[PDB]
Amino acid sequence: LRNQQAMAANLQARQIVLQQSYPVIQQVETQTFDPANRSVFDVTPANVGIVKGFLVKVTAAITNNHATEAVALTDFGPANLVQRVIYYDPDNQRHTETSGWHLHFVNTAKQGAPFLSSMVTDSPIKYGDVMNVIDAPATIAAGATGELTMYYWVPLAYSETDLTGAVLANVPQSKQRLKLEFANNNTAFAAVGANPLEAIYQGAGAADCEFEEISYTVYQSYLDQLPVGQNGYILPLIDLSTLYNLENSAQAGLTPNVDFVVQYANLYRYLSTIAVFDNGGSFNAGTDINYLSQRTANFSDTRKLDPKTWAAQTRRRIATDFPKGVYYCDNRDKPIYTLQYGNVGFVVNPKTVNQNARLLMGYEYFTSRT
Amino acid sequence: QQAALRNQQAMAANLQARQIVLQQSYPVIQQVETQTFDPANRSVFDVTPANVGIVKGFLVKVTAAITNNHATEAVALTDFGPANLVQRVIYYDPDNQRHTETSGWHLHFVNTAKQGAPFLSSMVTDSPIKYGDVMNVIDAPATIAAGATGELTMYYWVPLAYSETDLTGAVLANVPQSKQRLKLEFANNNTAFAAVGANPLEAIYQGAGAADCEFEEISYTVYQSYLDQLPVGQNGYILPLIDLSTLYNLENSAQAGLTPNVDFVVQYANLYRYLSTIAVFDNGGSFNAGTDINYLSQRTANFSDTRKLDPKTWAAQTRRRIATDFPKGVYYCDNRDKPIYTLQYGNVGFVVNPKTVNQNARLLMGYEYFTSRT
Amino acid sequence: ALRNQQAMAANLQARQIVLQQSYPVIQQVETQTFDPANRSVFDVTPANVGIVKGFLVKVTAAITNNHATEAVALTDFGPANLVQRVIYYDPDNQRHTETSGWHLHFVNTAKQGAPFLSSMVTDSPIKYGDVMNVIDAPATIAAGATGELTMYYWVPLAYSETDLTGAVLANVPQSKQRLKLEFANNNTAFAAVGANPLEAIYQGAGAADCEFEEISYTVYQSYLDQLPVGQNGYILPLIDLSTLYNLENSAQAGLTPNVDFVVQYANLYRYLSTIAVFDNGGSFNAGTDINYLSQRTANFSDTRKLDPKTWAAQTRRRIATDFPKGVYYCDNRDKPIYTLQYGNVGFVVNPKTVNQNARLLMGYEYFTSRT
Amino acid sequence: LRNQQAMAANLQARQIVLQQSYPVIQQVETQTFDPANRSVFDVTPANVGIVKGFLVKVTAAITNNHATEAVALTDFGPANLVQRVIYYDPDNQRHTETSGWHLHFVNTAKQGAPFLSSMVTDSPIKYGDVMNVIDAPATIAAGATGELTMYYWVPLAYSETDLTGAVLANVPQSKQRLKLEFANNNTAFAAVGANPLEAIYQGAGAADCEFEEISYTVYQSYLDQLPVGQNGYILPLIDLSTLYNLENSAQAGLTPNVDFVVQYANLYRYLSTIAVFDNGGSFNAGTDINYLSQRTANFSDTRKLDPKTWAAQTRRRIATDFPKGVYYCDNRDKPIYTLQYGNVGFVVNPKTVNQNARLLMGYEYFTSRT
Amino acid sequence: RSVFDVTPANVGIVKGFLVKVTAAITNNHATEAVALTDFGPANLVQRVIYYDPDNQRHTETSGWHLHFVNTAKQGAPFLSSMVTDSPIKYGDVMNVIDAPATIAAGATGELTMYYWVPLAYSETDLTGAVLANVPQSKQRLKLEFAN
Amino acid sequence: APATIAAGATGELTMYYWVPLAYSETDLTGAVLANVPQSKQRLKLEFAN
Amino acid sequence: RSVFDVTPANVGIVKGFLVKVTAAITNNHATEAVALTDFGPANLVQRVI
């Protein structure tokens, strides 16, 4: 029995906390540097109240020192300003450990539209891209310097109203660790013909491109003035004892017309799946895939679909398509959850497979701390 | 006398079972049929879906290649364009009862209304990250030049259940005996291309090269969405009996007899609970942006208009629902929270008072409604 | 405290019953076409029927640029400046909203979650789009040309379609409501180059020779009819109907570089949103003249001290785009600013650059009780 | 309980009456007139024994006075010599109230072949159309006069062996009323392009056509020498307390591809239904209809059929098709009967709908006097 | 294709099937015509075979034989329109069973024919009817058409 | 099936497949009970082209 | 067309299906022949489900 009451209590406590505490977003750290010298930073957030997440602002100036050749944005562009992120809580338990581009795509999936974008409308009133919140020049010509701005939301809590995954740090004492690895002069620029997956710009002038400098500012979002009751602080024990993490992985071994299956692990409740078909450095709009699906061993496919129909389901979630070769799957209402390892798999049956082909997977999931 | 308690209890039992079904079953979307054909040979198909569990609806993918063989003249998309790839869709459940029976354009406008934006469209934003129209889910060239071939893709969702969370209208398909039937009447070389000056309503392209346009092929794939592994209990399968005994249908009709400055009234039938109404003013083949209308309204037996509005103000209400305007001459009315039901009040009618009326003018009406199977 | 908890419960129940039992109606109250050179202020008399939720005001205009050679171009606010001011008084002559057309329009956008009544651009091949020109104005009006404009404003009484807080019960036959509309005229609508464009619709070298040809308005009143009756007469949400939901704006001056300019939430209202327009001496900049913005409590602690782009990011989550240059928005809907819950609170702007005649135009959305 | 015995007694009494009484068919009235002067007549039948029905013979001479244009029979032709019929019994209760064409179509349905027609066979013996019982020239040329003969059976009793609906008038005293409205110079002739529904002839010479004269003879069929027993006359009380009526109605509001439903009323036991699709004056052979059906609310269609298949069922009943646009439905063995109004409806889903379209309905039914 | 296997619904007691068949035939010969054979449209269906839910075979015969029995049981040419002297326009209005007597060189003829495949002996004698309520096994109506 | 089909020639082929449900004629493991009039079995064949 | 869905009869216990496939193939090449692959006619059916 039980649980019904455990969950009922958790939810009641969550509601009291949301109703009684007050949300705060506060700058915790800012820094400007030259990636030629350093590109990995460990940010120390403040241990106060219940921490919900971190908004990371990144600005950069890129100079194309080439004599005559320009470079142009890759499909991910400024989303590759941060290569990776890792968060450790006060108890030394890791939550999210993923790439900047995967983190960005999840930010978009959760918003229901390209993250922090400005939607174009016919309004005569001058709304629009006034503030260049997420911005990067389409091209940087030989001899020019371009200015970029990127934002990432590193979540602990699942949402503003669902505190599952949030972290209690008003007491812990031990420090939190938000590790950020930024793009550098070796990852940001891809030569013509090279794989643009992790790069920001690609083109004939790439070898002579460099960062003038990069700056970041981390804002911490948390709940303060936590409600106190009889036994003390009123807290959603299930929420705070659950991890909400994003993680990535890479898989290879694809062959034309054969089902390539990536197994889901047990224990984790997978809310979403992203699969990027890095076809040997080529990123195609579904033309190199026969179909994608999610399958249960001995229960077949629950959604075996051609690429365009798969894309149609995604258009219902983010109001547009993710970039070429990027495929999304929403399982939020009924998370993939198997008691046995791989009782469910993500499937891609490729039509064309180039040399060095691989699927880069990204996952959003919930799992117990214990 | 009272005893109406039964209804109250029935509603509660229906809602409880619906919730259990949604919580316990697992959603599946599966391909049931795919065919490529030449419209010159055939354009009407009857698809037999699978009989598995509770059926929620069908996602129909349609692609086509159209060549404009005219020596010199081009053609351009009509206002409806690829939404006219399917001319009519009709669904019959295992008991042979008809549910949706409407035009492809009407079905598409309802798909848009229920999404809250142009169905399966890609919005435009200032994002530097390369989101956008990457996959061309619904797509058609704006023009097809003399000698060129254009490729089109469009999708339609044929609903049985009202939504993913409201199973009203869903169909229980477990009787091996009788099959469901999804009939699709596609566009062909006689409906898809309109000459200059001809009525573009049902066409995909219109222009001086129309007589020489032809389909190279049309292909369709029907995906069936359903709930499998239905929950069982002491009394067997737990099922929302009201949901499964209610029809959620889309239907269209045509009415004529409009005269300048006179109220043209289209009565709503009794028994049906109308969720939305679409009125297309086909003004003799001309489709105007409200300029041929004085006002539109919904009116009850009492001369009482609940929303008698000028065309732009009517359009403003629609912009709040789908974030843009429907095509020229297409007007929408949302009555989802308080469905038009002639039992609730007297008879009710949809009103259009035209400013200008061309020859062969008519109002094409599209309705979304719930009604008891019995 | 029990009297209150029960009072709130009774209110919500009454609201729920009114919404379920009554039927919403929207109907034209009045239409007028005029030349603002003749008259620009109008007192519209709403119909006294049931519970009134608000008014949708359609405004159209024709403007002619008769300059010999120069054009004019839309200002950042453009057609939102067709109405300069709006003021509403209920049957007891209690004033509710009194604000500028631009502020009212920005709140309409904030409440919609996107530019008010706009048409979103998509890749759809089906011809959806700006078909009906619901809100529209030509980007420029060339010398010798005439442009046509359309604008809509929603004047709220009720907070929303489902929350009747602020609504007005108008069933007293001899006590009239008053909706006063003050329209733009040739003096307010056209700004010369270098002049402050804040209140103007068009600005350019051809401004001196621009004239309205006409303006027309149609007011539609939205209300609930066939009010439910019970064992005590009309079932009514008493708290909803005795609470005012208003918009108001004011101007604050006294800014100096790198110093915190604090605008205290001076009243004991429950502030749902705040809009701050940095009219930097006629210049409207995209955050570049600001170090940071914030909301601060007497405790001297900031709940959201942010650089301009990050502040803008929060707004992009609310309206899917940015407000025009120099316009900053702050959402406090779920936890309204109320100085009696915490120390006095202030809205803060620390300017990086301050031109002559700089000022902050503040717009507030708030709830307050009649008594 | 009961009833079983009430019906058993009714049927026994019916049998005794049929066995003991003697059938008589007797002329009750004849009249010749010019429709320019009068066209409505109220015939007074004799109050004798149990009345079963009336055979109405109508003859007419039509002159086409046009100078050069002829006219040709409409689809209903001589069946429109009588426009309407109404019968009132001795107790002032109406039985049949319908059009001449509907009455004629029911006469045909009950016979199982075109009413009083002569069937063509290969017999060398000279059987055939010798007596021109129901007859009318196919065309009447300019300047010519055509002679027509039409017969109608106005039923009270359902049949020769089922006295349900018969009328006892051996006592009543109060008079019966058989009202007949004949065609006139305004209804019998349709101009080219005009609606031919109620007309006898249509054509370019119609404006100059006229009746030379019309004559009618009414024959009354009844049972005399009624059997007497202990309590007195032996009579089937249920038969005599039941009305067997034919009635017509008109419905409009048809729209392409939408189900047009005509509700059946409650209380009446409907034996047959006739629906005429007057498509704005055009009468088509099913090509303007998608399907017809009879439907029960919440029990769907019991016979949703394409027009030709619907016509096939009718061919089994009358050995041929009714005229263009005329559809018949037999429900004699299991009469449409709902306790709630419209718990059953007759359906027509039209393919094509012209201006002024409507369905003219005709019903045959049983219902209690009380 | 010319052979089809129809799966009827399993609802209650099945009495039979009414099968409507239509066809368009073009005589592409340059000069010569063709004329209906004695059986004509009755040969649109070459053979019909029915199996009940227990997979037991009932009728298994030719279209012409089935049609002649339909006629025998009706007591007249099946679904035919008799000819009479009636001036009222009854007649072959709906062309329920119809086929052009000849199809000229270059012409296209349209045909319609119906067959009643009986399970029950008649509408009142249910001998031969089939109880179809077992969701497991389906009935099967096989039609081998002319080609 | 003809071992070769020459230029201009037509070859005729015949092949048979046994699709098993039961393991064998004597071992009914895998066999299918098909008596529910409701749902049909389905044998899908994707041929060469 | 090359894909078919066959609906078998629902009678008793089903053991399996014997599928007979025949075909006529013409080699229209002007000069060159073709020869059976190792699988040959066994590839007349590509997939069965």
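Thresholds, definitions, all that
- Residues numbered from 1 in each chain as written, not as in the entry; some residues may be left out.
- Chains lettered and ligands numbered in written order.
- Part of a larger assembly, values for the part shown.
- Heavy atoms only, no water.
- Residues with missing side-chain atoms left out of burial classes, pairs and counts.
- Helix = DSSP H or I, 4+ residues; strand = E, 2+ residues; numbered from the N terminus.
- Contact = heavy atoms within 4.5 Å.
- Nonpolar A, V, L, I, M, F, W, Y, C, P; charged D, E, K, R; others polar.
- Pairing = 2+ DSSP bridges.
- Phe/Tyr/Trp six-rings, centres within 6.5 Å; stacked < 30°, edge-to-face > 60°.
- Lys NZ or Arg CZ within 6 Å of the ring centre and 35° of its normal.
- Expected span 1.5 Å × (residues − 1).
- Polar contact = N/O pair within 3.5 Å; in protein donor to acceptor, adjacent residues only side chain to side chain.
- Buried area = accessible area lost by both parts, 1.4 Å probe.
- Salt bridge = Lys/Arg side-chain N within 4 Å of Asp/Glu carboxyl O.
- Core = buried A, V, L, I, M, F, W, Y, C linked by side-chain atoms within 4.5 Å.
- Buried < 20%, exposed > 50% of the residue type's maximum accessible area, 1.4 Å probe, protein only.
- Patch = residues over 30% accessible without salt bridge, like charges linked within 9 Å, V, L, I, M, F, W, Y side chains within 5 Å.
- Areas by Shrake-Rupley, 256 points an atom, 1.4 Å probe, with all protein chains shown as cover.
- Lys, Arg positive; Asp, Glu negative; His and termini not counted.
- Charge placed at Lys NZ, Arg CZ, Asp CG, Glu CD.

Asks: Describe the overall build of chain E, listing the residues and the values that go with them.
Replies: Assigned secondary structure in chain E consists of 1 helix and 10 strands. Element order for chain E, N to C, with α for helix and β for strand: β-β-β-β-β-β-α-β-β-β-β. Expressed along its principal axes, the backbone C-alpha trace of chain E runs to roughly 55 × 40 × 20 Å. Contacts spanning at least 24 positions in sequence make up 73% of the contacts within chain E whose residues lie at least 6 apart.

Asks: Account for the interface of chain E and chain B, with residues named and values stated.
Replies: The partner chain B presents 4 residues to the 7 residues of chain E that form the contact. Here the residues of the side of chain E that touches chain B sort into 4 nonpolar, 2 polar and 1 charged.

Asks: Break down the sheet that holds strand 12 (residues 201–202) of chain A for me, with residues and values.
Replies: Residue and element names in this part refer to chain A. Read from one edge of the open sheet, 4 strands run 7-4-12-11, paired in mixed fashion. A single partner strand is all that each edge strand has here, and the edge strands are strand 7 (139–140) and strand 11 (189–190). Bridge analysis of strand 4 (residues 71–73) against strand 7 gives 2 bridges, and the strand direction is antiparallel. Bridged to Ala72 within strand 7 is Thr139.

Asks: So what about the pairing of strand 17 (residues 289–296) of chain A? Which residues, and what values?
Replies: Residues and elements named next belong to chain A. Sheet topology places strand 17 next to strand 20 (residues 344–350); 7 bridges connect them, and they run antiparallel. In the strand pairing of strand 20, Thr296 is matched with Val344. Pairing geometry for strand 17 and strand 18 (residues 300–301), over 2 bridges, is antiparallel. Looking at strand 18, one finds that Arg295 is bridged to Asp301. Between strand 17 and strand 18, which pair antiparallel one after the other, the connecting turn spans 3 residues, and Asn298 there sits at a positive phi close to 70 degrees.

Asks: Describe the packing of aromatic side chains, and please don't skip the residues or the numbers.
Replies: Considering all chains together, one arrives at 107 aromatic pairs over all chains under this definition. Ring plane angle 85 degrees and centroid distance 6.1 Å describe the contact between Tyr22 of chain A and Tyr342 of chain C, whose orientation is recorded as edge-to-face. Linking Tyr22 of chain A in strand 1 (residues 22–33) with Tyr342 of chain C in the loop between strand 20 (327–331) and strand 21 (345–351), this pair reaches from one chain into another. Members of the aromatic cluster, each reached through a chain of ring pairs, are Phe76, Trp101, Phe105, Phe322 and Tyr328 of chain A together with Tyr131 of chain B. Above the plane of the ring of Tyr121 of chain E lies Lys73 of chain E, whose end atom (NZ or CZ) is 4.5 Å from the centre.

Asks: An account of helix 3 (residues 311–322) of chain B is needed here, citing residue identities and associated values.
Replies: Count 3.6 residues to each turn of an α-helix, and residues three or four apart come out pointing the same way. Residue and element names in this part refer to chain B. The terminal C-alpha atoms of helix 3 lie 16 Å apart, and with 12 residues this matches the ideal 16 Å at 1.5 Å per residue to within 8%. Its side-chain oxygen 3.1 Å from the backbone nitrogen of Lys312, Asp310 forms the N-cap of helix 3. Immediately downstream of helix 3, the backbone of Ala323 shows phi near 65 degrees, a positive value.

Asks: Hey, could you go over the arrangement of the chains for me, with residue numbers and the actual values?
Replies: By contact count, the leading pair among the 10 pairs of chains in contact is chains F and G. You won't find any contact between chain A and chain D; their C-alpha atoms come no closer than 31 Å.

Asks: Got a sec to walk through the interface of chain F and chain G? Specific residues and values, please.
Replies: Opposite the 41 residues of chain F that make contact, chain G presents 43 residues. Interface area, chain F with chain G, both sides summed: about 4,100 Å², of which 59% is carbon and sulfur. Applying the counting rule to chain F against chain G returns 2 salt bridges. Taking the shortest distance from any N to any O, the salt bridge between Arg42 of chain F and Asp5 of chain G comes out at 2.9 Å.

Asks: Which residues make up the nonpolar core, and what values do they have?
Replies: Of all hydrophobic cores here, the largest spans 99 residues; its most connected members are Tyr202 and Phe212 of chain C. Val137, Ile204, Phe215 and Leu275 of chain B belong to the second largest nonpolar core, which has 97 residues in total.

Asks: Break down a negative patch on the surface for me, with residues and values.
Replies: All names here are of chain A. On the surface, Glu147, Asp208, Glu210, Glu212 and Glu213 cluster together into a patch of negative charge. Ranked by the residues each element gives to the negative patch, the list is headed by strand 13 (residues 209–224), at 3 residues. Relative to the helices and strands, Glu212 is located in strand 13. Judged by relative accessible area, which is 45%, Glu212 ranks as partly exposed.

Asks: Describe a nonpolar patch on the surface, with residues and values.
Replies: A grouping of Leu116, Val130, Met131 and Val133 of chain D is seen on the molecular surface, where their side chains present a nonpolar patch of about 360 Å² in accessible area. Looking at where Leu116 of chain D falls in the secondary structure, it is placed in the loop between helix 2 (100–111) and strand 7 (139–140).

Asks: Help me get a handle on the sheet that holds strand 22 (residues 348–354) of chain B, residues and values and all.
Replies: Residues and elements named next belong to chain B. Read from one edge to the other, the open sheet built from 4 strands follows the order 17-22-19-20, with strand pairing classed as antiparallel. Edge positions in the open sheet fall to strand 17 (264–267) and strand 20 (304–305), since each of these has one partner strand only. With 7 bridges connecting them, strand 19 (residues 293–300) and strand 22 associate as antiparallel partners. Along strand 22, the bridge assignment pairs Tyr295 with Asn353.

Asks: Kindly report on the pattern of salt bridges, identifying the contributing residues and their values.
Replies: Within this structure, the stated rule accounts for 80 salt bridges over all chains. Between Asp166 of chain B and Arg18 of chain B there is a salt bridge, and its shortest N-O distance comes to 3.2 Å. Taken together, the residues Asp166 of chain B in the loop between strand 8 (149–159) and strand 9 (171–172) and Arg18 of chain B in helix 1 (residues 5–24) connect sequence positions 148 residues apart. Note on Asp166 of chain B: relative accessible area 18%, which makes it buried. A relative accessible area of 14% places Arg18 of chain B in the buried class. Note that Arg85 of chain C and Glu182 of chain C form a salt bridge whose closest N and O atoms lie 3.9 Å from each other. Taken together, the positions of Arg85 of chain C in strand 5 (residues 83–89) and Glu182 of chain C in strand 10 (residues 178–183) put the pair 97 residues apart, joining distant regions of the chain. On the basis of relative accessibility, which here comes to 21%, the residue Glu182 of chain C falls in the partly exposed class.

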